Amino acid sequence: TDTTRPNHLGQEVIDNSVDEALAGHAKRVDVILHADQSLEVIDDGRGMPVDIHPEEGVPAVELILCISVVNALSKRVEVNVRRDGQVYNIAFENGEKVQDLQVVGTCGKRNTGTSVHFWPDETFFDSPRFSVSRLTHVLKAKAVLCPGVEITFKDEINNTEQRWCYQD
């Protein structure tokens, strides 16, 4: 992972969302660059499984995040999963789970998906600023290579919003 800036980190989180679209489960991926320079990636896929992983004995989502690159390079990572009518939440800080998986709400059974919100640890990057032009260029190409998915990008730092969808 490149540490010139947090873009590559974001693209890896975006790729996990797009993989759900490519598999035919997600129809939309939303990316939001927050005012505090944190990035949030939301998809309407199946939702990162929250049931126990046999070998490890911990929620699959907890395990995936624990070993993820976002967790390693972010001072904070908050994940919300919509699955089976339930909204599960879990968070890590400085690389450590600071909030066990827990049901924070309910939702429609058909409303599934995952939200990954992370705050890069500025100490690991030459620059903590996200390169917007680079983020949008890669996203657009992503929309192109995954026909049918609607990709939106909301920039709350430069106050702009865009959406792209390539039907075929």
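Position 1 is the first residue in the sequence shown; the rest follow in order.
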Using only the Cα atoms and their B-factors as the entry lists them, report which of 98 to 106 and 44 to 52 averages higher. 98 to 106
Averaging only over Cα atoms, indicate whether 114 to 122 or 54 to 62 has the higher B-factor in the PDB entry. 54 to 62
Can you tell me which third, lowest, middle or highest, the CA B-factor of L9 falls into for its chain? middle
Sorting the chain's modelled residues by C-alpha B-factor, tell me whether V69 ends up in the lowest, middle or highest third. middle
Rank-wise, by C-alpha B-factor, drop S131 into the lowest, middle or highest third of its chain. lowest
Classify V79 as lowest, middle or highest third according to the C-alpha B-factor given in the PDB entry, relative to its own chain. lowest
Position of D2 among the chain's modelled residues by C-alpha B-factor, lowest, middle or highest third: highest
